[PDB]
């Protein structure tokens, strides 16, 4: 995807995120070296058809934390639009309070490095990337379905990647 290749360092980024406590903080993917990262890039905070897909991850953020994994959301929304949408109830198409950081990519540079930028317009597809503790991209999954991701499936994947890390000649049976 653009510059994202399985088994190679996940493209780096340094951008401003709206943290769960409300603060704007400029974070880098490298800050999470030492732990797993489930980086989920979605089109926009505002949704009309289904709830923004990132919400289900916020809701289950603790299960990811339990697995030494940090979930980070991202969309081409500016940090103000992010905040604005977090302060808009889910029933009005918004996000509601968030338990994970939301990265802002209004310049679309991150969407590009991850190859999830749409061809005609400036918004992304739904891209999920599982990155390991060493910063290596391990899973790439893209689609334009407002229900593509399954939080249980992703949790199972992280477990498989960790198991593999801790064994490797043995089938994650």
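Numbering follows the first chain given and starts at 1.
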{"query": "Of 1-9 and 164-172, the one with larger mean CA B-factor", "finding": "164-172"}
{"query": "Comparing 115-123 with 50-58, the one whose average Cα B-factor in the PDB entry is higher", "finding": "115-123"}
{"query": "Residue 35 - which third its CA temperature factor falls in, relative to the rest of the chain", "finding": "middle"}
{"query": "Among modelled residues of the same chain, the CA temperature factor third for residue 102", "finding": "lowest"}
{"query": "Cα B factor band for residue 158 (lowest, middle or highest third within the chain)", "finding": "middle"}
{"query": "Chain third (lowest, middle, highest) by recorded CA B-factor, residue given as residue 27", "finding": "highest"}
{"query": "B-factor third for the C-alpha atom of residue 74 within its chain", "finding": "lowest"}
